[PDB]
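Sequence positions in the sequence shown follow the authors' numbering and run 4 to 125, 127 to 261.
Using N, Cα and C, we set each Cβ at its ideal position, and we do this for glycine too.
The structure under discussion appears below in the form of C-alpha cells.
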Amino acid sequence: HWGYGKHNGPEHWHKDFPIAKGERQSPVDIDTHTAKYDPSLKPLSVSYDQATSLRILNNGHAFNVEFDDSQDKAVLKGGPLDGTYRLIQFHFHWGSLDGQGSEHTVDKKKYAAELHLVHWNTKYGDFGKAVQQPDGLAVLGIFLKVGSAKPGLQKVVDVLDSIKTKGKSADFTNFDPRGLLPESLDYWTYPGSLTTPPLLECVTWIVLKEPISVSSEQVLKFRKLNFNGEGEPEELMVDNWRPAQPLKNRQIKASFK
C-alpha cells in the first residue's frame, strides 16, 4: 500500500489515486512575491478553549492527535472561510534532518516539520461527507523550525514511546492545541487537497506565516517513531512529506501586507 519509500512513495501514488495529477493538489510552494494581499480576507478565528482531545494514534504514516468532534467544541471560522469548521485531528510531517520535512515551502525553503490541524465544514454533517465537497475541509498549516523548545508540544513528545509502531494508540486526553500556535495568525490561503491518499480536492488551506520553534530534542523524538508494525523490520518514521505540486490555475492570497 502507499507510503513514503522508493517503491511506494509520492511519485507512485497516482497509479492508485489518479487525482494525484489533478488541478488542485497540495502542498505547493508559496512564492511570497507573487501572493497578493487581499484586504477582503478576515482575521482567522481559532476557538479551541473547549477542545477535547481523546487519543493519539500511530497510523503507520504519522501520528494523529484525535478530538471529540460530536459538538462545536474546537472550531475554525473567519479568515477565507464561510461557516464553521470543527476540529477532528492534528498531525505532523517531518524530515530525517532539520533541512527538510515540511510539505508547503516558502520561496522554496523547507522547514523541519509542518503541523496540520484538520477541520470539517459543519454544513456537511460528518467528516466523510465533507471530504466529498470542494469546501469540505479547512486545514491550518503551521511550520516548525528547530531552536527553542515548544513547551506545549512536550506532552505529545512524552507519549510517543507508547505508540512506536503502526497501529498503536494511547489515551490522550486534556491536551490543549492552543499551545501549538505561533504568536501571529497572519496567513496565506489557497484551494487544494489532502496531502495523503486519497488526495481529495476538498481543502481550503490556511498556512500561517510565523513558524513555531521546537527543540532538536523534540524533533529527534518524532524521528524515533516507526512506520512498521510491532515485531516487523524497523524502518524509522522520517521524511513523511509530499513534495510541492504544480500550482496550476490557482492564486495564493495573503492576509497581511
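Quick one: what's got a C-beta closer than 7 angstroms to residue 169's C-beta in the same chain, skipping five residues either side? 61, 230, 232, 233, 234
Exercise for review: Assuming residue 94 and residue 67 form a contact by the criterion Cβ under 8 angstroms, report the distance between their Cβ atoms to the nearest whole angstrom.
Suggested key: 5 angstroms
- Item | Burial state of residue 114 (16 or more Cβ within 10 Å) | buried
field: residue 131 - containing alpha helix (DSSP H), residue span
entry: 131-134
Between the region 173-189 and the region 33-43, do at least 3 Cβ pairs fall closer than 8 angstroms?
-> no
Do residue 216 and residue 144 have their C-beta atoms within less than 7 angstroms of each other? no
- To the nearest angstrom, how far is it from the Cα of residue 96 to the Cα of residue 104? 6 angstroms
Answer yes or no: does any C-beta atom of chain B fall closer than 7 angstroms to that of residue 8? No chain B is part of this structure, which consists of one protein chain only.
- Query: Going by the beta-carbon positions, is the gap between residue 57 and residue 77 smaller than 7 angstroms?
  - Reply: no
Since residue 203 and residue 189 should fall inside the 8 angstroms C-beta cutoff, what is the C-beta to C-beta distance between them, to a whole number of angstroms?
In fact, because the Cβ distance is near 27 angstroms, the residues do not count as touching under 8 angstroms.
CA nearest to the CA of residue 155, picked from 127, 218, 83, 108: 218
| message | Considering just the uninterrupted stretch of the alpha helix (DSSP H) at residue 224, what are its terminal residues? | response | 220-226
Query raised in the report: Does the distance from the C-beta atom of residue 291 to that of residue 161 stay below 7 angstroms?
Result: Given a span of 4 to 261 for the chain in the structure shown, any question on residue 291 remains unanswerable.
Starting from residue 75, trace the beta strand (DSSP E) in both directions and tell me its first and last residue. Element bounds for residue 75: n/a, residue is neither H nor E.
If we call anything under 7 angstroms between Cβ atoms a contact, is residue 45 one with residue 86? no
Requested in this report: Could you tell me the boundaries of the alpha helix (DSSP H) in which residue 158 lies?
Outcome: 158-163
**Message:** Helix, strand or coil, according to DSSP, for residue 175 in the structure here?
**Reply:** strand
| request: Please state whether DSSP places residue 15 in a helix, a strand or coil. | output: helix
Give every residue of the same chain whose Cβ lies closer than 6 angstroms to the Cβ of residue 242, excluding the five residues on either side of it in the sequence, and list them in chain order.
-> 99, 227
| message | I'd like to know whether the C-beta atoms of residue 30 and residue 107 end up nearer to each other than 7 angstroms. | response | yes
### Query
Residues in its own chain within less than 8 angstroms of residue 75 by CB, not counting five upstream and five downstream?
87, 89, 125
inquiry  = Output needed for residue 172: all residues of its chain with C-beta closer than 8 angstroms, excluding positions within five of it in sequence on either side, in chain order.
reply    = 60, 61, 166, 234
Original post:
Can residue 256 and residue 194 be called in contact, C-beta distance under 7 angstroms?
Top reply: yes
Tell me which residue opens and which closes the beta strand (DSSP E) that residue 117 is part of. 116-124
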